[PDB]
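Shown below, as structure tokens, is a lone chain in the form deposited in one PDB entry; questions about how it binds or moves come after it.
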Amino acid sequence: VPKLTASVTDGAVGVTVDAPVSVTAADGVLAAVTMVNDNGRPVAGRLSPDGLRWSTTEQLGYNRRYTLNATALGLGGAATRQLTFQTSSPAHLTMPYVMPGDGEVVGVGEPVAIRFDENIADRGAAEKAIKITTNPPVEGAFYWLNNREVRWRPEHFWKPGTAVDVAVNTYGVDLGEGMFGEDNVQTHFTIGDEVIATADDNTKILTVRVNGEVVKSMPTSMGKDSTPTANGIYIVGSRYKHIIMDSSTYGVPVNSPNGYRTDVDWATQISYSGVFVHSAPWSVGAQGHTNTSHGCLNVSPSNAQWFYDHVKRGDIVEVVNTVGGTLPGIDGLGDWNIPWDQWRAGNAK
């Protein structure tokens, strides 16, 4: 009589819902397979045209018992079998969020970023659950910026024209301490032109190169000796036509001798610490000459609008020869400052 097998065992508990459930017949074919929960409600499934295999086709629930009934028929007669199992019971759930967004074109410095809404106790599990495909294929690695957010990138800047596909398959995965993913997420993005803007404190010029060729030179005024602009590699983030930077958000009042409420135009963010390339009509005389800022890359209004218009998320700004230190690797936009042996060795433990 037909031989029935299933991907789950009768009486199992803690069965993970990261995978469909399947049933196979040998020495015959499946006539029908049904899988029901404890209220009698069927799980969607599909029988192969040949009749040799069946699978669930929709996500299974947490904390559920399921009963699986299968009948097979062959040139030996029939067999009908039944099994029940119980799925994982999470202590807690987290939902991942992945950047950059689906369909976007980004620059050559843009990492994959997966942020969870809860602390991740088993970083290795989260990594293994995240599948990144690249075309052309390129080696990269995971590194945690904090307890919630993991980044992935290659050793070198991405090559333009690279397709990146990201499947965060965290549904049904135990991410440590009984914390399971609430649901999978996907995204797909493309790497565009190589755009690297270099600000050299010896020239006070910000030179924007596309694919190695100069397209723009901007006089700049970067951070005063006292509040210097850090050297290193910065990843371009968000852009704002207009933004208000306000002392008293931290707790220094506007009406204090270090207070300010500054209207700023054409502002392209390049570190979570607060470095922007923006419009600085008030320091155009100092641009190309003398550092005057709190550590933003001050350029002229129309140079700032050019940057806002022509630089995208993931492009790169490199600062060199200033009196600051180096941008932290875990700034949020400072990933490329971590040397490759360290980045690749990761910090999953």
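When you see a residue number, it is the position in the sequence shown, counting from 1. Here the rigid core means the biggest group of C-alpha atoms that line up within 1.5 Å when the two forms are laid on top of each other.
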property	result
Stretch exceeding the other in mean C-alpha B-factor - 47-55, 305-313	305-313
Of 119-127 and 210-218, the one with larger mean CA B-factor	210-218
Highest recorded Cα temperature factor - choice among 36, 284, 29, 33	284
Residue with highest C-alpha B-factor in the PDB entry, from 164, 145, 264, 108	264
Chain-relative CA temperature factor third for residue 325	highest
Cα B factor band for residue 200 (lowest, middle or highest third within the chain)	highest
Among modelled residues of the same chain, the CA temperature factor third for residue 112	lowest
CA B-factor placement of residue 140, once the chain's modelled residues are sorted into thirds	lowest
CA B-factor ranking of residue 74, expressed as a third of its chain	highest
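Here the subject shifts to the form deposited in another entry, a form of this protein not shown in this document.
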| property | result |
| --- | --- |
| Listed options 115, 128, 261, 209; Cα moving by 2 angstroms or more between this form and the one not shown (core superposition) | 261 |
| Residue 177 C-alpha moves between this form and the one not shown by 2 Å or more, core aligned | no |
| Rigid core superposed: residue 252 CA moves 2 Å or more between this form and the one not shown | yes |
